[PDB]
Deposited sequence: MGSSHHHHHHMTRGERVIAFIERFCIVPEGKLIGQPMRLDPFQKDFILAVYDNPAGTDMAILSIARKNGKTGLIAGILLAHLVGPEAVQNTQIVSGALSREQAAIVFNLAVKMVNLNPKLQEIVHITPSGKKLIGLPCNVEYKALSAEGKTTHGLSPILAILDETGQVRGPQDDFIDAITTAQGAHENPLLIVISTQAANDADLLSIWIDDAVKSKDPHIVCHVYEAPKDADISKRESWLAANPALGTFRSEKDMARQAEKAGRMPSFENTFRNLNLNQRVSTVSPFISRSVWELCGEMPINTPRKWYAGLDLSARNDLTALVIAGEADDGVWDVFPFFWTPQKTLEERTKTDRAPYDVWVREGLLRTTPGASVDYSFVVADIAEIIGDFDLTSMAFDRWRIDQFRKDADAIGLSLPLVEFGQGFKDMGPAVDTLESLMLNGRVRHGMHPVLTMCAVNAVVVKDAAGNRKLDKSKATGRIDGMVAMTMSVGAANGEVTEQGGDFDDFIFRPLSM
C-alpha cells in the first residue's frame, strides 16, 4: 500500500463531512494526493488549482489531519495552514475541529488549546496552527508542512507573510509546501509565477494540477464548467454554475469574476513585446545632439542585471537611445552559463560593465553615471517610486545631483509608457544601434496586459533578462 494510498485511506476512514456521511474523495483529489506523496523524486511543492467551491476546505482539513494524527504524523513537528485573512484561517480550523469531534477515534487523541487556533495531535506531539497574514506574527514557527490556502489572492509578485512561512520551512531538510487556490486574476501575480515555473520547468520535485477552462471556450457550455470544476455534481452544484454562467452572460461587468472564480482562468493576457525583425529596423546608430534628454534607471535585479537608459527626441521625429548596463563580477562566469548569454564577451567588449561582489554595488553605479551624464543634460530620471529617497541619498552622498522623478513599477504607470514605446518602434522612430545587451532584453521581453487594458513588461514570464527594456520604457514614459 503506497504512502499516498494511506493518506486517502486515512481521510476516507476517519474524516466525516459536516452533514453525517464519511468523506469520499473524488478522483481529482485522489490523483493529486497520489502525485504528491508517491512522487519517487520527492515533492517539495504541490499546487492544486481549481475553481471556487470544489471542496478545497475539506481537502486541506483532511490532509492536515493525516499529518496531525494519521500516517504522515512524525514526532515533535509543526504543521500550518496559511491564508490572507483571519476569516479564512478560522474556516479551515473550524472544519478540522468539527471533523475531530465527529469521530471519537480522532477526538480521543487531539487536545485543543482554549485560546488562538491551535490543535495538538497527542500521540506524535504534532502542533497545528491556523495562520493568517492578518493578525499577530506568531513566535514559534518552523513547519515541516505548510498548506497555503487561496494564495491566488496575492496581487504582487511577492508577499511578506508567504515568505515568512517559506523561510521558516528552510530550517528542515525536505519540507512540504502545498498550495490549494483558485488562480490569480493576473499573469504577474505570485501564484501565476509559481504555476508557470512548474509548468515550463516540469521540475520532478513540483506537482502542479491546474483545472481551468481553455481561453476560447464557451462560458455557457457544461464541458467548460467541468474543466475548471472537477467536482461538478459532487461538491460543486451544477445548478449554481448554471446561474453564475447566465449572470455572466447578462452582466458583462461580472464576466471576469465568473471567468476567474468559476472557470479558473486568468483574465489578463500575455504576448511577446517585439519580433527581432521589427526591432532590427530601429538599429541605426544613435546620435548625441542637444535636446531634452530623459533617463530611466532600473536597479531592481541586484543579483542579475541593472540598467540605465537615456533617450530623447531628435529634430527629426526619432528617439535616440543610449543604454548602459551593470552586472555583478563574482557571478559573471556562472550567469553566462545559467542564462546562456555571452556576458563575458560583452564585459570584455565594453558593452556591459561590472561591479565587485555577487550584488550590484550602488556606490559603483552612481560613480559611473556621473561620468556618463557628463555627455547628457538630463531633464528627468525615472526611478522606482518606493525606493527614490534611498537612491537620492546615495547619489547625493557622492556629490551627484540627479533630477529624479517617481515612476511606478505596476500596471497603472507602465501602461501608457509601454504604449508610447510600442508606437515609436512601429513607425521606425527609434535609433538603438543594435546594442547587443538591449537587443537581448527586447527579444526576451513579454508583455502582460491587465483586464483594464494596462500593459507592462514581466521579468518572471520572460526567459532571460529584460531589465534594459524596463529602463527604456521608464525613459520614454518620463515624457
property: Parts of the chain sequence, as deposited, that carry no C-alpha coordinates in this structure; result: 1-10, 29-32, 494-514
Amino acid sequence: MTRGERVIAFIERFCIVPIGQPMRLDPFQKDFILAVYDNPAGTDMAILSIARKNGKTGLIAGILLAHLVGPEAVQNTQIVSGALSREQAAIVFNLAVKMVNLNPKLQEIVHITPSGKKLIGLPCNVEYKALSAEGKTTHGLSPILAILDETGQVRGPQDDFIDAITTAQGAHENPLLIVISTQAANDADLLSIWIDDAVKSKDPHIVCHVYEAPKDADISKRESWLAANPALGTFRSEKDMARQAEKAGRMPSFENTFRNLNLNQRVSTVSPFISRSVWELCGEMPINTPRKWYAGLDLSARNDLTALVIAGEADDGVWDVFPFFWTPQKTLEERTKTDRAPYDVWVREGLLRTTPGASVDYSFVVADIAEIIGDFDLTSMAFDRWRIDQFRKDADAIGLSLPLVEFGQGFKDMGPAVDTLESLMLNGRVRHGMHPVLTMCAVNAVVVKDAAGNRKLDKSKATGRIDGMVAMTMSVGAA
From here on, numbers count along this sequence of modelled residues.
item	value
308-316 versus 106-114 - which carries the larger mean C-alpha B factor in the record	308-316
79-87 versus 333-341 - which carries the larger mean C-alpha B factor in the record	333-341
C-alpha B-factor winner, where the candidates are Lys215, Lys129, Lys202, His209	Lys215
Criterion, highest CA B-factor; candidates, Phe324, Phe391, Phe93, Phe273	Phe391
Third assignment of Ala479 from its chain's C-alpha B-factors	highest
B-factor third for the C-alpha atom of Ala9 within its chain	lowest
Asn125 - Cα temperature factor, lowest/middle/highest third of chain	lowest
Chain-relative CA temperature factor third for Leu299	highest
Within-chain third of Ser277 by Cα B-factor, per the entry	middle
